[PDB]
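Encoded as C-alpha cells, the following chain is the form deposited in one PDB entry, with no partner shown.
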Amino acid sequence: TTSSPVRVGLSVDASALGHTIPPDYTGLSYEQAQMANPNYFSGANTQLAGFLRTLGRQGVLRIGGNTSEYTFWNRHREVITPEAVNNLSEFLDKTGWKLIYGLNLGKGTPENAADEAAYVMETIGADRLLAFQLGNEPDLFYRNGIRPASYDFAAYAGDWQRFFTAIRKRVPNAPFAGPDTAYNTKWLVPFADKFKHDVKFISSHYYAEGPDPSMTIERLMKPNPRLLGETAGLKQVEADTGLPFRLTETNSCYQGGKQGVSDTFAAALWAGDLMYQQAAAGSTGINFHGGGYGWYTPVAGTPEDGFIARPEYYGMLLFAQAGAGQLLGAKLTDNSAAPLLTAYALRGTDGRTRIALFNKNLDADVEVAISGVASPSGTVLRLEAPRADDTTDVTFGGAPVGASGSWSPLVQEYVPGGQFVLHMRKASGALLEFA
C-alpha cells in the first residue's frame, strides 16, 4: 500500500478487441560490426543466448546499424567470414529467434551483397531469415559521409533496385524489408509505394530523443506526440500498400543513449510501455538497439567478461512474462493528477487475463480500482527500483536477472478483490495475472 495515492479507476472491456500480439513481437537490434568476431553470435555464446530466450521463446534478432556501412563480406573497415555466418546460424538455433540481416548498400557492391545474401540463405535458410535490408538509415548517409548532399529518395531507389536485382539473381527467394529509417515523408512513404511488391514489411526506427539538457527522465515518461504521428503514418502506409510495419531500431536516446537517462530504471518503464503502445497500434514487433556497454543497451557485456541485464531489459522481461494474446479495452478515469500512468489489458493465448501497468508518474503513487475482471484470484509481479534514475537495484517479481538471463519470481503478492484494488509506488511497473 501507499501513503497519499491518486485514486484512479481502470475498466477492462473484454468486448473492446484490440490487436493480437504476435509471438515473435520481441527483439533486439545489434551492429553488423559484431559479426567481425565469430564468437559473438555463436552457439558457444550460451550467456547471450540465455538473455534472448528469457526475452521471448520467439523474437527477432536484427543485425545492421551504421556499422553495416563498413562491414565487408569475404569468402576467405570490418570483415564478415563464412565462419561468422555459420556461427550466427547456430546462435539462432540456440535462441529460436528469426533474423533481419543488413547488407552493405552504403559502400559495398551489388555483387558482394548478392554473394553475402546467397551464403546467408545457404546456411541460415528461409525459415529463420525474415528479411535482408539494403542499407541502414539511407536518409542519413550524407550526415555520416557515405553519400553526397544531393542523395535523395530517387537516388536511393536506384541503388535499392540495383542491389535487389543482383541479389534475386543469386537468391531467387530472398526476402527484403526497408527502408530501415526513422518515419518520414520524403523516404519511407515513397519507398512503400515503389517497392510494395518487393518487400515483406516496412522497417522503421524510433528514438524518443528528438533532434541536449532537454532529454530528461521527466520528458521520457511523457507521451511523445511525434511518436503517435509516426505510428499513424505507418498505419496509413499499411492501409495503402498492405505492408505491415516493424520497429527495427529503437531506443530512448540516439548517439548511443544519454548517461543518467538511457541506463536508468526509467528506461525499463519507457521500454515496457513502448512495447505495449506500439503493439496496441498494430506494430508486428520491436528491436531495441544495443551492444557493448552502451548507455541504452538492454544486455551489456562480452563473451570473455560475461553479460548482464541492464535496467531496460527488465521492461522487456515484464512484456515477456505477460506473453502473447489479444489486447482488450483498458480505460483509466480520475487519473488527471497521475496522467503518466498507462495500462494494457490482454487476453492471453492460455485464456487468462493479464494487465501491464506502468506508473511513469515520478512523484505520484496510485491506487487503481480495477473493474471488468471476474476472477477468484489475481497476483502481481512488480517492476521496481528505489529511484527512477537508478542504474542498478532493478528487480521484477522480487528478483534480479542472474547469469545467462536466469530469472524466476521470488515474491508472490495477491491483489485484494467483483473488483480489485492495486497500489503502485511512483515510478514503478506491475504485471497482473488473473486465474
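We number the residues from 1 along the sequence you see. Basically, rigid core = biggest C-alpha set you can superpose within 1.5 Å across the two forms.
Below, we turn to the form deposited in another entry, even though it does not appear here.
In the core-aligned comparison between the shown form and the other one, the C-alpha of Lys186 is the only one from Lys222, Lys186, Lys169, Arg352 that shifts by 2 Å or more. After superposing the rigid core, the C-alpha of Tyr293 moves by less than 2 Å between the shown form and the other one. Comparing the forms between the shown form and the other one, the C-alpha position of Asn144 differs by 2 angstroms or more, with the core used for superposition.
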